[PDB]
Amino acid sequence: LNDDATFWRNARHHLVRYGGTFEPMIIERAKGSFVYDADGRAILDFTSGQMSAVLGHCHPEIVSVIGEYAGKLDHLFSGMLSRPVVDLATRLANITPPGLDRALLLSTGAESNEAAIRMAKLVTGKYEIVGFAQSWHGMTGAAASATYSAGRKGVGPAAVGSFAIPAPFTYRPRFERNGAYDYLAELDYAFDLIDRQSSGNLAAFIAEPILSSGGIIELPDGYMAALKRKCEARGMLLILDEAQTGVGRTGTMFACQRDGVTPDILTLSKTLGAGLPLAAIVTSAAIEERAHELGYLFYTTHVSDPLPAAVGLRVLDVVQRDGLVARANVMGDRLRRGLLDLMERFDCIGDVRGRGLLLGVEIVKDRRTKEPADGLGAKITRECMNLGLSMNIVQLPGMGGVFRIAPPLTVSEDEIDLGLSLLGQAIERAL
């Protein structure tokens, strides 16, 4: 049983609580799209873990690679270069758009956003950062100052020069220009305000192409392009955080490829590592050159470490061969349609959005009012669990709870249909 009293004793006495609440089970092993409890029960992993397991759990190629390297090249002194590093950096250069040339290999998502934000502050000579009011960029220092979806209170003052703008949200429009939702004019209205408060030191803007934690909020048409143009006019860099969206998850290698807007700095994470701690920043030669002349510094213990780099190369080799970026669109369409059927069935589902395998279902009390369904989401989530479907819900102010759906890129037709079922039952039994 998952009930092992010694286990839970030790967990209650020696683990620090960092947010949420531990599942009441012991994960014993994982494979593909499933995780197994102590009882042998398979739970269908519909969130790719913490939105990272792009190739699923324990993908045979990742196992080989970790193998070949653990006993060959593990960790090196920060100044020593090695093959996996140079190959990964190069590979990233070729698959990202033209304009993205040099990478820096690191460990976490927030570490990558910090490195990005520090290079832009160096390069520009300024320090003000702007982000969306429902963003998620990390727990560490600067990543946490541009984060607005959560953890903003009780921990002291934020970094100086921190500003936020509202994210364009179609589901629940708020800004209106002559009859309809004018997200571009909201953008201009927002920027006018920033401009009025800036002390003259705008340095960059970080943006998620799709706000994950913020409730799977997809940036509307023509938005990025217009955002990039606001940055251009002020001398600001545009950092795109593709931590949940890069590596095929939305039907393109990088979400920035859809819109056709290449950022100044692109940050990768979750999906790059496929479950491991790997991360990177990709930038243009021009910026890198400039950062180098001014003395840019981002030295860590794990920057350029063989193992991880080696893993990341494989992730990309697999994605490439197996053409998982296309699977993402196909499977992605399969999951979406089903979701919409569910919607036909139940009034609680108020919206289904996202792209490829990065979908979002917004639970609501009633479509007309579009009133948030208080605790119905927790029910659904509890029910899912009992049936063996691991989901995740995010809940923000003025919104209904949103389920984040992000199955592996390697999900099967069956697994998809399965989850779609469990989801149905859980919802049925929850009202």
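Residue numbers run from 1 along the displayed sequence.
Chemist: Between 50-58 and 367-375, which has the higher average C-alpha B-factor in the PDB entry?
Modeler: Between 50-58 and 367-375, it is 367-375.
Chemist: So, looking at the entry's B-factor column for Cα atoms, which has the higher mean, 173-181 or 235-243?
Modeler: Between 173-181 and 235-243, it is 173-181.
Chemist: For the listed residues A309, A144, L266, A115, which one has the largest C-alpha B-factor as given in the deposited model?
Modeler: In this record, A144 carries the highest C-alpha B-factor of the candidates.
Chemist: For the C-alpha B-factor as written in the entry, point me to the maximum among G356, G154, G161, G350.
Modeler: Most elevated C-alpha B-factor of the set, per the entry: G350.
Chemist: Mind checking which third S390 falls in for C-alpha B-factor across the chain?
Modeler: It belongs to the middle third of the chain when residues are ordered by C-alpha B-factor.
Chemist: Which third, lowest, middle or highest, does the CA B-factor of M139 fall in along this chain?
Modeler: Its C-alpha B-factor belongs to the highest third of this chain's values.
Chemist: Would the CA B-factor of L219 place it in the lowest, middle or highest third of its chain?
Modeler: For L219, whose C-alpha B-factor we compare with every modelled residue in the chain, the answer is the highest third.
Chemist: Looking at the C-alpha B-factor of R290, is it in the lowest, middle or highest third of its chain?
Modeler: According to the entry, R290 has a C-alpha B-factor in the chain's lowest third.
Chemist: Quick check on the deposited entry: does the C-alpha B-factor of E413 sit in the lowest, middle or highest third of its chain?
Modeler: According to the entry, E413 has a C-alpha B-factor in the chain's lowest third.
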